[PDB]
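Report on one structure; see the data block that follows.
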Amino acid sequence: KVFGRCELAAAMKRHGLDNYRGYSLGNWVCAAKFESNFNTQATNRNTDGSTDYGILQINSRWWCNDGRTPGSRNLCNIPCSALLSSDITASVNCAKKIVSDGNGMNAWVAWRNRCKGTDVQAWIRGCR
Numbered sequence: 001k002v003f004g005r006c007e008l009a010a011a012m013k014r015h016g017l018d019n020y021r022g023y024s025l026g027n028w029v030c031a032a033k034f035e036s037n038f039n040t041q042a043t044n045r046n047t048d049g050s051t052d053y054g055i056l057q058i059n060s061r062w063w064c065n066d067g068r069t070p071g072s073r074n075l076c077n078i079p080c081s082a083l084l085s086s087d088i089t090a091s092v093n094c095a096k097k098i099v100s101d102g103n104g105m106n107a108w109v110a111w112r113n114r115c116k117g118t119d120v121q122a123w124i125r126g127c128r
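Spelled out as structure tokens, the structure:
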């Protein structure tokens, strides 16, 4: 599913991401924009052999199981395929664990390089 911007904002808010670990909703929407272009089905292979999955590009080395990643820990106890669903619940629940792990949203490279320090509230402009 390719979410609309305000559609994704509303889903993320419903699931409690707005201000989670202190990160306002626009941070999460901006992260999803630049990690996946709002596409729940996005997958990208990494140099280390892991893959990033879903709307928030969750990594198969630490967080989800894809059956082909050396050193996998599956800390979010979930198949990586579950992070590609049109329902963002599993991605949200795993993102909550990731952002609590110590480095905050810096775990999302696209957030760090393209959202951090910017006017992120622009990402929820026009949204109810």
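Position 93 (the sequence shown) corresponds to 93 in mature numbering (1 follows the signal peptide of the UniProt record, and there is no 0); numbering is contiguous.
Beta carbons: idealized from backbone N, C-alpha and C, even for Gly.
Query	Result
If I'm right that residue 86 touches residue 1 with Cβ under 8 Å, what's the distance once you round it to whole angstroms?	4 Å
When burial is assigned at 16 or more other CB atoms within 10 Å of the CB, is residue 100 buried or exposed?	exposed
In whole angstroms, what separates the C-alpha of residue 60 from that of residue 26?	25 Å
Over what stretch of residues does the beta strand (DSSP E) that includes residue 45 continue unbroken?	43-45
Assuming residue 82 contacts residue 56 (C-beta within less than 8 Å), just tell me the rounded distance between them.	So it is not a contact: roughly 13 Å between Cβ atoms.
Kindly indicate which residue of 11, 23, 106, 3 has the alpha-carbon position closest to the one of residue 89.	11
Measuring straight from C-alpha to C-alpha, what distance separates residue 95 and residue 105?	9 Å
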